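Heads up: the structure comes next, in structure tokens.
Lettering of chains follows the sequences in order, A, B, ..., and the numbering in each one begins at 1. In what follows, every heavy atom counts, from backbone to side chain, and hydrogens, waters and symmetry copies are set aside.
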Amino acid sequence: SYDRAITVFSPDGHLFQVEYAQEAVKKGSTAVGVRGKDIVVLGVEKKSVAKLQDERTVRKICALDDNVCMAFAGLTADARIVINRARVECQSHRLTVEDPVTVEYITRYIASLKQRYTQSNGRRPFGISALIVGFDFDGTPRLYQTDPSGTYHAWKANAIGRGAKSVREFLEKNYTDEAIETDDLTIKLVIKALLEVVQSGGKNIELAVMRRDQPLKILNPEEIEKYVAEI
Amino acid sequence: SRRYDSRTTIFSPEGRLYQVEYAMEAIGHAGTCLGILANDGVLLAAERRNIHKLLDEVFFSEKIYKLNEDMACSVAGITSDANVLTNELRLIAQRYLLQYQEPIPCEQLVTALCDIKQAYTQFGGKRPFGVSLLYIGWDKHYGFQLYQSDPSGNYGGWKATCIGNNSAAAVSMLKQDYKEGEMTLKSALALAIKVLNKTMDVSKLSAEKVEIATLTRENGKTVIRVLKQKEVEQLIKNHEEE
Amino acid sequence: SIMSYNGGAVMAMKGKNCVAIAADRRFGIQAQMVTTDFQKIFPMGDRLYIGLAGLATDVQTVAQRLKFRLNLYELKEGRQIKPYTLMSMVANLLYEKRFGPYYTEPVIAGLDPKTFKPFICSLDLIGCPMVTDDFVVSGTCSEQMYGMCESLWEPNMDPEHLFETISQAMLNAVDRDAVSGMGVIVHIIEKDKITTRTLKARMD
Amino acid sequence: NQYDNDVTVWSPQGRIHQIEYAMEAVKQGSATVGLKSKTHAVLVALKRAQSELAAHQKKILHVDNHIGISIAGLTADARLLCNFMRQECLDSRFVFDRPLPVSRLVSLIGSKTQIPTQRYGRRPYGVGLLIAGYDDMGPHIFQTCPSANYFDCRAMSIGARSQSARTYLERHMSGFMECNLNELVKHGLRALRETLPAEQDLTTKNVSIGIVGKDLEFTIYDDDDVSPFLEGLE
Amino acid sequence: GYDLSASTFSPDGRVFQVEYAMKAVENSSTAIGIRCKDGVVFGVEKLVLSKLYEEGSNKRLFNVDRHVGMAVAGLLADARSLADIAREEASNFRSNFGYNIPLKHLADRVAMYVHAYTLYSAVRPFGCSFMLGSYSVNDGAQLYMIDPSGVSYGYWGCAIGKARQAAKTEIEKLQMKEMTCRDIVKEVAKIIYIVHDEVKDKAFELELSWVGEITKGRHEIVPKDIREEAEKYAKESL
Amino acid sequence: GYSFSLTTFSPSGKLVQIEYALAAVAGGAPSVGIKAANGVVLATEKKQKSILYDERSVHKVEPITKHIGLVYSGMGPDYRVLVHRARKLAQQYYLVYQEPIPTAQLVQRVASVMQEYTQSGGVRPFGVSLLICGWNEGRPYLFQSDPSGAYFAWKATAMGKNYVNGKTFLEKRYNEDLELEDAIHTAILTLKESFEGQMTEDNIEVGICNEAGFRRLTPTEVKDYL
Amino acid sequence: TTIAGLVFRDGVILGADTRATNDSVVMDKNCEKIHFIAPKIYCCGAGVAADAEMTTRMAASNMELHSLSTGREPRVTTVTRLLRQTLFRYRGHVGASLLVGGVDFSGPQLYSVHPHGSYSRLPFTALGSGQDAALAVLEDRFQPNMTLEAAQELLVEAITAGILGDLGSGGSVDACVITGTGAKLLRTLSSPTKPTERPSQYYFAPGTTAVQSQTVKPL
Amino acid sequence: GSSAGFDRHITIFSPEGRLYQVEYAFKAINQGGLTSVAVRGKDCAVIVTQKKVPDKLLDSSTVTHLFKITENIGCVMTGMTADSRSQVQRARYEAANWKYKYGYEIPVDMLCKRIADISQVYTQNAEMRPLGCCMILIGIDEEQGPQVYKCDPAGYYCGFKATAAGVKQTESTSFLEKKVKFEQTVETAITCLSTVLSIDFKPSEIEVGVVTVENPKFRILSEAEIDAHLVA
Amino acid sequence: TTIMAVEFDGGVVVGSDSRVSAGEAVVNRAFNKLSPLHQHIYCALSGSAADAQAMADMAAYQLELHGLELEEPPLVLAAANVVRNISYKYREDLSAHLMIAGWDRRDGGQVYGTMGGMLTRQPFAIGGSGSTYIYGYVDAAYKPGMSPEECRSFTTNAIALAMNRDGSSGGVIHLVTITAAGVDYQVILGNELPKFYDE
């Protein structure tokens with residue numbers, strides 16, 4: 001069995017492997033999450049959109065449970081593994097506590113799994129960052145973000161992947177209480193925030209929202225097109 | 001021993017995995033495979049590289065493997081690696097059938113092999129599988145389907161794709177000619193020959209240098225079948241006329 | 001006894017360039033009947049069938065596990081399995097659980113994939129094959145089946161005569177067995193065709 | 001350069017750099033003295049303090065009723081070894097219903113710490129030890145090293161500038177056997193104070209004492225309890 | 001770097017790592033073993049690095065069995081573990097066959113264990129050389145020596161340490177075959193005092209142990225009175 | 001043992017360790033296989049360094065089962081390991097199916113053992129190529145398994161030293177209709193094309209496979225053929 | 001089951017009946033009980049049919065590997081040792097009663113192997129349920145160094161006694177003759193029993209059985 | 001002489017397909033400074049070796065390169081002493097195990113092959129190095145007669161009429177070559193060693209192990225037995 | 001089964017019957033219960049055939065290796081210790097007594113009883129199911145200083161008396177005399193067996 005230490009400390013207390021994993025997240029397609037009043041919206045860029053590719057197979061916005069979904073950035077293959085782990089954990093929690101897991105609880109689990117991979121023998125860190133949204137039993141909307149190191153915070157509006165900083169700068173100066181007043185407005189914010197980086201605005205963005213109680217919904221090309229015309 | 005370790009599953013300073021990238025270089029040099037999905041079926045068409053006159057023919061095909069009753073795949077890159085993966089897909093499909101008493105849906109099969117491929121990239125210290133696959137299948141959820149996976153353990157559904165030598169060229173040629181929803185197996189097969197005539201630098205295509213499986217439905221039964229040389233010859237003939 | 005827990009009878013008969021396989025259709029727990037169309041004979045090729053009698057749960061498990069192995073075997077080697085090879089595969093599968101065996105006595109009936117030569121055999125619970133040139137029986141009413149086969153079976157019977165022989169053997173044999181009955185399914189395996197028939201039988 | 005990274009790599013001079021680097025850890029530690037008379041065995045250590053608001057680090061640990069130790073070097077390793085020693089002593093009392101002879105316990109330590117100095121990937125224990133005990137062969141003062149070697153001594157000193165204490169120890173060791181408890185503790189203190197800077201002096205804050213004798217279980221004296229021994233020093 | 005691992009042969013077919021371990025035994029005190037007419041005598045020039053150390057500390061003479069003694073040179077920690085290995089062997093042999101292990105067999109077994117640490121990069125070769133001596137009525141007197149490589153040979157007289165090249169010539173000029181334990185104890189002591197360096201490597205103690213007819217086959221430290229005489233005859237005759 | 005791969009991809013996408021294992025094969029002594037209509041021949045140079053080597057002691061052409069035989073080019077002691085493994089694989093197959101393992105199923109299993117030493121921890125590939133011949137389902141079979149674990153079915157091929165010249169010679173001389181007895185002649189002639197001096201019936205070894213089974217020609221028989 | 005063996009002047013002769021039964025019902029009227037171990041070594045099996053079958057196949061497979069690697073004829077002693085070491089391992093749970101007979105470099109050898117792992121090298125033996133009848137014949141007529149034909153006759157009579165005296169045995173008599181030269185596997189050396197010539201008769205026509213449903217699938 | 005990566009430190013293939021580490025292990029055999037010679041006769045097999053005891057205090061009886069594997073199998077080791085002893089012990093274990101599971105004494109060719117198989121593993125596994133020794137086995141086969149086999153560090157083994165190992169391996173082979181193209185066999189062997197060493201050693205300078213058809217049991221000649229062949 | 005071994009100045013005399021039984025049926029009437037573990041060391045098997053044969057083979061293998069390692073004929077005590085260890089280690093699984101008799105150059109001819117893992121050296125030893133009937137006879141007939149010829153007679157008589165009384169014993173008497181010179185076998189057939197009161 002391979003027991004070599006891959007993630008180790010450097011002279012100035014830096015974990016090179018973890019920073020290299022963060023570099024992989026920077027080359028990932030932009031993903032934006034906005035926490036609205038009664039809704040949660042996720043928006044990922046489609047980067048190179050070919051005309052011969054089945055759109056439904058490369059979605060970067062998956063569902064972990066009825067109330068929890070997530071968007072990622074970085075290594076797609078790595079993301080799949082993490083998503084499956086989370087899904088299994090969600091069913092385990094639902095079976096031992098007889099209740100839907102809270103957004104923060106599953107966020108905590110994924111973050112913990114990522115940290116475990118930065119201090120274990122024979123493995124490298126996961127090369128992805130995730131945006132976790134959803135609603136808890138009481139009805140309050142949640143938005144979390146985990147990274148390769150294993151750290152996680154709760155946000156109002158965040159952006160990961162290539163151009164995360166650019167989108168973050170625009171989100172700060174555009175996120176207010178009069179920007180998430182209505183469901184439509186909240187979605188427009190994410191679309192407008194995604195238009196700051198994603199080239200050829202229109203069908204280059206993958207959007208999906210999660211309204212209170214109902215299952216995850218995915219906006220269609222023409223449904224997103226209409227929103228773009230209003231902006 | 002740290003001294004001799006090659007360090008296969010660690011990131012580079014730009015967040016790249018070199019072994020995976022170099023496994024991919026292998027593939028771009030393998031024989032060309034192309035997949036086209038039609039309304040009435042799906043097909044694979046592969047350049048043969050086993051060409052020497054003293055090769056015996058004894059086998060179904062060089063690079064096209066049947067995975068279960070409803071799917072096949074063709075492979076590009078390290079042949080002996082492909083043998084490991086193709087045997088594993090057969091095992092995965094039979095595991096599913098044993099458990100659910102139903103054929104494995106095509107995307108579930110692809111995903112489960114790709115999990116095996118991603119694990120080699122992340123832990124264990126071994127080199128990755130130097131293989132890309134194209135998979136063709138029919139299932140009751142999505143019907144006719146075509147997938148591609150690569151040594152990173154990444155996969156994606158396609159209408160038409162190509163891997164191996166001169167894939168980039170094949171793709172731009174498929175982007176010009178592939179008609180979404182308007183494609184028939186006859187049309188698909190024609191396009192295959194067109195794309196294969198251009199990705200192969202032997203001018204005359206030759207029905208000895210290619211391998212073509214088609215996958216169709218007849219009476220609620222999937223039918224996978226390697227085209228015989230006559231049919232391919234005719235197919236080639238038909239391209240010459242154009 | 002565990003073998004009579006669900007009941008059931010299976011028999012295979014050899015004819016002139018043709019094989020016949022029949023079985024009862026009753027699925028019951030002890031004295032209570034649950035269904036009257038439980039599958040006991042499974043296809044293992046165009047002209048190859050396996051009949052399984054014994055514990056219903058093991059009948060289904062063995063059939064499914066054998067299919068798993070046969071499918072993989074037929075993907076690896078690019079050909080249809082031979083009747084004799086299938087027998088060994090089943091024997092090996094049954095012998096693996098030597099000290100915790102599957103409660104099922106299988107009977108195989110078919111024709112060689114390339115030569116179309118009739119072949120029938122039976123194996124015990126632990127996997128001891130027994131190839132015969134006349135007939136093989138298995139189930140709760142094996143004794144009754146032996147009597148019928150021993151006196152009714154003739155050499156070189158044609159498809160029609162073979163059908164009548166195995167039908168009469170099974171029908172009269174299951175009528176003296178309380179846990180076997182509720183219909184009879186017969187499969188006639190020939191070079192170019194397979195004929196499946198359900199006989200008019202007692203439903204008590 | 002190519003020989004001082006692994007413990008399993010013999011250098012061309014016939015040395016093992018990694019074991020030598022692990023011995024440097026004991027030399028950087030705070031000094032501690034160990035001496036014995038005819039009926040007693042005492043340990044005296046200088047407690048170090050990270051800052052003025054910090055408590056002085058523990059340096060004298062309990063092993064058993066007849067055995068006590070003084071550490072120098074990596075504290076984590078010292079606690080590791082201590083645990084091992086405690087278990088061995090407990091095992092001896094469970095099986096044979098008698099205290100484990102100090103000499104036998106020292107040999108177990110030697111063997112345990114020797115293993116890691118021959119296996120690839122492993123490292124030597126980075127802690128030096130001073131062991132005081134009392135069994136059927138009288139009082140003992142043992143000194144364990146990071147390279148699995150141990151010496152039976154009349155008096156010993158390890159840690160930063162322990163050579164000065166050793167020099168003092170050698171000069172006054174002739175009257176140790178006939179020394180009494182109070183007298184024997186003074187010598188240790190005097191030798192322990194020799195490794196200290198001209199300005200600094202031994203007080204009831206940076207001094208810890210541990211004694212074990214004929215009719216006395218291994219006890220440790222801290223701060224206010226070390227006043228009596230401290231009162232009288234010239 | 002051809003000399004970094006024991007599982008790597010150099011271009012001229014040498015295993016440098018094992019040779020480096022032999023260098024560690026080369027820069028150490030000298031121990032001697034002499035096979036007389038009815039026994040074996042061991043003598044070590046124990047170097048007292050400090051005056052604080054108790055008389056009899058860091059013993060380089062061990063009892064691996066009732067009838068077997070061991071004299072070592074080199075890394076004491078490595079030597080100590082080898083002594084425990086030797087003890088294990090002897091004990092295991094008695095439990096399996098019901099009698100005292102023959103010296104030759106014991107030496108062969110321990111040598112193979114030593115040889116096992118000279119083929120891989122996972123472990124390093126032992127940094128010590130030792131001698132095995134024993135006496136029985138059915139075997140007579142036997143003396144063997146094992147080094148870091150694992151080679152085991154039987155001897156009449158042997159020396160290990162920094163002054164083994166000089167001690168061998170001193171052992172050469174002796175008629176040990178017709179000598180006895182009682183008479184060889186004075187010669188061993190004398191020889192040790194001769195090879196011992198005055199200026200360099202100052203302050204040493206003399207360790208003496210024997211096994212033979214005089215001790216009725218049991219290996220033990222030479223008696224104080226006899227050692228006194230031997231040391232008195234060593235200093236007076238030097 | 002080392003748990004990491006010793007064979008890994010280069011930036012050009014090559015696995016040099018396997019390229020280097022192939023260099024070992026190509027410097028090996030020559031080997032030839034020919035599949036005739038009614039059989040296969042395997043033939044190899046077993047020139048010994050001296051005349052002290054008891055030539056009859058060790059055999060490069062080896063049976064696996066009644067119906068399968070092997071020869072190799074490259075590293076003799078690596079060949080030994082493979083021979084033993086093929087023999088165990090053929091037995092394992094026979095114990096399950098109670099029919100002797102088809103040649104192509106033996107080739108796949110052995111080739112698979114070869115691929116594992118291109119990826120498993122701490123080991124180097126095999127410095128050997130195999131030619132395997134067999135007779136099953138009234139058809140003769142000849143295969144080559146290389147160090148990468150790839151296999152190919154041949155009508156005729158040559159390997160070891162001077163294989164490229166050898167193949168060109170077999171292009172020109174092989175035909176499908178060719179009977180065994182003739183096949184044997186052109187086997188022995190392909191060897192002659194690269195042989196040093198004076199091919200005796202003790203410094204080549206020859207095995208044949210047909211309906212009757214696989215066997216090593218006896219030196220007495222090789223002599224007749226010479 | 002009645003199996004027997006005997007060492008004659010130029011080799012060994014094995015014999016067995018061909019009846020396989022389930023408790024008290026004849027399942028197989030012609031099962032082969034003389035299994036091939038090697039070219040000059042055969043084995044008769046008694047006890048649990050599945051065990052005997054799997055054990056001999058395993059022994060034959062292992063002997064083949066050994067013969068292939070050594071390149072020499074397998075010894076009979078290697079076979080018996082392989083068998084007893086395996087059987088002893090399972091502590092009699094593998095019910096295999098074997099009679100190994102063969103001719104190797106050291107000559108003709110005959111062994112009786114029991115389920116627990118014990119073995120016996122003898123000039124003549126017998127195992128199975130009809131083992132006492134066959135032994136009776138042997139004790140009464142066995143002579144050392146018998147001629148090939150005289151041995152066959154004796155073995156046939158020994159097996160015959162078991163066939164007629166033991167309810168567990170019946171059918172035909174199989175024999176196996178092994179010498180330095182060749183091996184003669186005489187499946188059905190004698191057929192001492194057969195059924196009647198059928199006094200009456202009963203047959204069915206092409207519609208005597210009432211059919212509920214039919215399904216024909218052309219191939 | 002191409003080289004890349006770590007192909008000279010561990011047993012991996014170099015650019016030309018060579019195994020440098022294994023080649024270095026052959027150079028380790030000559031480090032002992034000895035030469036061995038084994039000669040197969042018509043009804044016997046003899047093994048002669050250079051017995052050098054340059055130390056005086058060394059017990060000459062414990063110094064030998066000839067070992068008894070089984071009752072009928074003897075051998076001579078050449079190369080690294082410690083490695084040789086471990087290989088001798090392995091051979092003895094293999095032989096005893098063979099008889100225990102097969103019921104008959106292991107043939108010399110099978111024993112040599114078994115030791116060679118074990119040596120092959122070292123050339124394929126990088127974690128451990130090959131042994132720096134050479135094994136030569138002699139024994140009487142019941143069907144083939146006298147046998148002489150030798151395996152090396154590369155895992156290669158073969159049957160021989162006469163073969164040598166050590167520092168003067170190339171010279172012993174050239175001397176035995178002309179001879180092939182009891183008493184004479186023993187003489188030829190001794191001659192070959194003496195010829196390439198130019199010393200004409202006395203009875204206590206060499207060791208002799210033999211196995212004849214009449215006396216199959218491995219035997220070691222004494223001082224008086226060795227001198228007798230030296231006087232003639 | 002009846003087995004016996006007697007010590008004499010210069011060696012030992014080992015003997016046994018040849019009956020292998022399965023209930024009331026004699027499965028082997030000419031079985032040799034004396035097995036050689038080494039050149040000068042023999043063992044008499046009693047109890048379970050499979051167990052005795054398994055242990056004897058195991059001991060022979062172990063002793064063979066031991067002998068070659070030490071380059072000297074093994075001691076009789078070593079052989080007994082090897083058997084004792086196996087018999088003691090598997091005392092709950094095995095059911096057979098391997099009597100040990102032989103000769104070495106250290107302690108001459110020795111007889112050891114290793115039944116159930118317990119080891120004891122005796123002047124003479126008897127085991128097996130038929131040994132119970134001859135306990136009184138051997139106690140009254142054995143005399144110290146018996147010669148080899150007298151030991152064989154003593155052994156023969158004792159075994160013959162047991163064979164006639166015990167249903168599990170019978171057939172012929174296998175005899176073995178071990179001494180420095182070597183091992184000399186002897187078989188006493190049914191017609192040449194000592195006759196006593198059989199009425």
Side-chain angles (χ1 to χ4, degrees), chain C residues 43 46-47 88 91-92 94-95 98-99 101 105 111 116 121-134 136-138 142-143 146 150-152 154 157-161 163-168 170-171 183-201, chain G residues 1 18-33 35 45-58 61 86 89-96 171 187-188 195-219:
Chain C
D46 312 304
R47 305 162 187 92
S88 319
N92 174 75
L94 290 172
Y95 199 72
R98 176 61 180 81
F99 315 104
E105 295 149 4
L111 318 165
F116 308 106
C121 83
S122 92
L123 303 97
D124 64 2
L125 91 165
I126 52 184
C128 181
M130 177 192 89
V131 175
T132 76
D133 289 314
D134 34 56
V136 286
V137 311
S138 223
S142 59
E143 243 145 63
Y146 273 131
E150 192 59 48
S151 21
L152 292 187
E154 260 183 332
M157 298 182 285
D158 56 288
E160 269 169 62
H161 188 189
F163 167 73
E164 297 282 325
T165 311
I166 193 166
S167 298
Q168 283 309 305
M170 282 283 298
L171 286 166
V184 166
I185 184 135
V186 181
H187 293 273
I188 304 289
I189 305 173
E190 296 174 54
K191 215 229 155 137
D192 35 59
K193 80 174 129 195
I194 283 79
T195 316
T196 300
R197 283 169 175 124
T198 21
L199 319 183
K200 198 229 197 297
Chain G
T1 284
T18 71
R19 156 187 300 194
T21 91
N22 293 354
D23 215 296
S24 296
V25 168
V26 175
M27 219 187 187
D28 202 345
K29 331 218 252 181
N30 200 203
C31 62
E32 163 80 283
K33 298 181 213 204
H35 329 276
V48 200
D51 281 348
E53 182 70 51
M54 293 306 186
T55 298
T56 64
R57 266 133 79 136
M58 148 113 301
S61 201
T86 285
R89 220 161 286 136
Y90 289 84
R91 304 295 139 96
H93 286 89
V94 171
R187 179 99 148 107
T188 226
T196 340
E197 186 138 323
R198 230 177 11 165
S200 181
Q201 97 124 337
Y202 27 48
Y203 62 70
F204 306 105
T208 285
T209 315
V211 173
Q212 263 175 356
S213 89
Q214 192 171 263
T215 172
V216 181
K217 199 217 239 54
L219 315 170

When rounded to the nearest 0.5 angstrom, what distance separates CG in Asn22(G) from OG in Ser122(C)?
-> 8.0 Å
Inspect the surroundings of CD in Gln201(G) and state if more than 12 heavy atoms from other residues, nucleotides or ligands are less than 6.0 Å away.
-> yes
Residue from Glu190(C), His161(C), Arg47(C) scoring the most non-hydrogen pairs under 4.5 Å with chain G is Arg47(C)
What residues of residues 212-219 of chain G sit under 4.5 Å from chain C when you count only heavy atoms?
-> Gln212(G), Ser213(G), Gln214(G), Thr215(G), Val216(G), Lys217(G), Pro218(G), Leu219(G)
Can you tell which part of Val48(G) gets under 4.5 Å to a heavy atom of chain C, answering side chain, backbone, both or neither?
-> side chain
So, the part of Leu123(C) with a heavy atom under 4.5 Å from chain G: the answer is neither
Least distance between heavy atoms, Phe163(C) atom then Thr209(G) atom = CE2-CB, 4.4 Å
Is there a side-chain contact between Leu152(C) and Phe204(G) (heavy atoms, below 4.5 Å)?
-> yes
Interatomic spacing from CE in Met27(G) to OG in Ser138(C) - rounded to 0.5 Å | 5.5 Å
Quick check: does any side chain N or O of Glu164(C) sit under 3.5 Å from a backbone N or O of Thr208(G), one acting as donor and the other as acceptor?
-> yes
Engaged part of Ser142(C) at the chain G interface, taking heavy atoms whose separation is under 4.5 Å = neither
Under 4.5 Å heavy-atom distance to chain C, tell me which part of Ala20(G) shows up: side chain, backbone, both or neither.
-> neither
Rounded distance [0.5 Å steps], CG in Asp134(C) versus NZ in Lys29(G) | 7.0 Å
Distance in Å, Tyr202(G) OH paired with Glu154(C) CD, rounded so as to fall on 0.5 Å steps | 9.0 Å
Checking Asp51(G) against chain C: side chain, backbone, both or neither under 4.5 Å from a heavy atom?
-> both
Would the number of heavy atoms belonging to other residues, nucleotides or ligands and lying under 6.0 Å from CD of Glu160(C) be above 12?
-> no
